[PDB]
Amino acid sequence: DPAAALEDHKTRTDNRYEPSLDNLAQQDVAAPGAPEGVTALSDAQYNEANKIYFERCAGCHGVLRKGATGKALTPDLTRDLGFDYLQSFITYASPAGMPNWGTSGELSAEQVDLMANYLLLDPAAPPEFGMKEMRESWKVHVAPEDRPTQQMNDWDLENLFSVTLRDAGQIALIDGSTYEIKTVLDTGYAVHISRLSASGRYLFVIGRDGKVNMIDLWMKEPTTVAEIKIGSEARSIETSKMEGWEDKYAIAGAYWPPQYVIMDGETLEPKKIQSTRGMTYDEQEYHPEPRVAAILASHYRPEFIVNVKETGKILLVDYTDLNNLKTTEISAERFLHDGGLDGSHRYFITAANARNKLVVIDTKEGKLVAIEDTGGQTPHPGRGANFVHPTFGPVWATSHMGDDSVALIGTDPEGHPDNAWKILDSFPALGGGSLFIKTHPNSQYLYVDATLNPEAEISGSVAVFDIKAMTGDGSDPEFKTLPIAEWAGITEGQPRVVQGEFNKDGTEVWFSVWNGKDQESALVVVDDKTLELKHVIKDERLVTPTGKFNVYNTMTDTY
């Protein structure tokens, strides 16, 4: 019955991180005709419903409605359910998106009817975006030959932090030692992440709208030297990290169209576009919308590591020959999202989040090694946290969006075979809604945020575990609670703390105190040795600060 929506369509701490295709939602669409027994929506009504669908529903159900974390909603199925059921079900609204920009999920009576009617109609597929379109958008502002041959500014590049100023479609380059904002660059679109070339010279940013900008950090005044659009919705980018392939390539991953694109690392020239449409690994059924999630770069082979979400495939893409393209399509687990390499940089550990599993790939051998349930609900590691547990040896950790647990997996087949690829411990942190866990080789602490927790005090704090004191005896390791938001001294709203990121020396860890566009935000720097406040960064230009990426730690994959 429609009342089932109370368990499926309400907001959880772990169902707020699904795609909001708000850039694609801006495209106008033609209203389809309606077959017998179905009523057509006008052009305005259809577009209104389509916008809501793309912004709020497509993340879980797909723009093509073939299903993702939520079931398929194709016309054959919806027509059988009927308008009445749909209307009653949709009245409850849908899960809220991310705080500080996402939807509340609430719908008016008029919107409810629009959505019910929209679901009964046949949807068209949004436009593709291929080479012609990419080349049209491709602009090389400063040709390689016109760029410096050595660093021309006096900045400490490796200790620089590239910070997303989300809603303003800008990034701030901040000195990691003095905390001075060296520059604020416009990208004209919300940047999702910053990635660095292996040499650390080139800064790449990917906008949610599919726009890629590459910045030359050696310039007297660093700016975008090249840009290109690779799709309509994208969230991932990475650079080549195999020795000998430094600065050779960059790769971007898109949600729509479902594809990844390999670009020249110096000019962004689009070299190879690969569709991710394909078969699910387990039921082996065609899926028309397998989104690219995290993309990492192998340190063992000249390959990119691409997570394809809906089909549960991890692709190892060899970039040594883009014409005779070698790839290894690894059957893993559905709903692959993020992950990171272990301390040795040999194994890729990734969260198939909706299924509570960690998938482990051996990047040297190019094969699946393990799939283990974390015991928690919806793991979201970011790139995770590698450390040497006093008892267990090398481990990689992840926290969860669905509960307060932190899980550790052994990552040393050679030295600790009995612990390898096994969940060794699970213990509580602040609460549910965590997004990022962090540590550094020079730190004895493990930091865990709780960004999406519904309690302001919790979402504004961070749990810190003392790795040195961990025994792994089965008890719950104690943690210190750092009042990060409180330290920032922000009066308005309930700012959420998100994502720890260390400086190059691994002596200070930064957190974003994230408030909405029309509210006050800040960055808080914590002295890692003492766990005391080091500095609070505030500036009128620091609007909606979210992701932060230290140049050195990003270029070297140190986490």
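Position 1 is the first residue in the sequence shown; the rest follow in order.
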Task: Greater mean Cα temperature factor according to the PDB record, 494 to 502 or 23 to 31 - done: 23 to 31
TODO: Going by the average Cα B-factor in the PDB entry, point out whether 340 to 348 or 424 to 432 comes out higher.
DONE: 424 to 432
Task: Selection from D282, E158, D466, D209 [criterion: highest C-alpha temperature factor in the record] - done: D282
Task: Per the PDB entry, maximal CA B factor within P394, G472, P441, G460 - done: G472
Open item on the list: When the deposited Cα B-factors of this chain's modelled residues are ordered and cut into thirds, is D449 in the lowest, the middle or the highest one?
Closed with: lowest
Task: Modelled-residue ranking by C-alpha temperature factor, third containing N15 - done: middle
- [ ] Relative to the other modelled residues of the same chain, rank the CA B-factor of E238 and answer lowest, middle or highest third.
- [x] lowest
- [ ] Quick one: classify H9 as lowest, middle or highest third of the chain based on its Cα B-factor.
- [x] highest
- [ ] Place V225 in the lowest, middle or highest third of its chain's C-alpha B-factors, as listed in the PDB entry.
- [x] middle
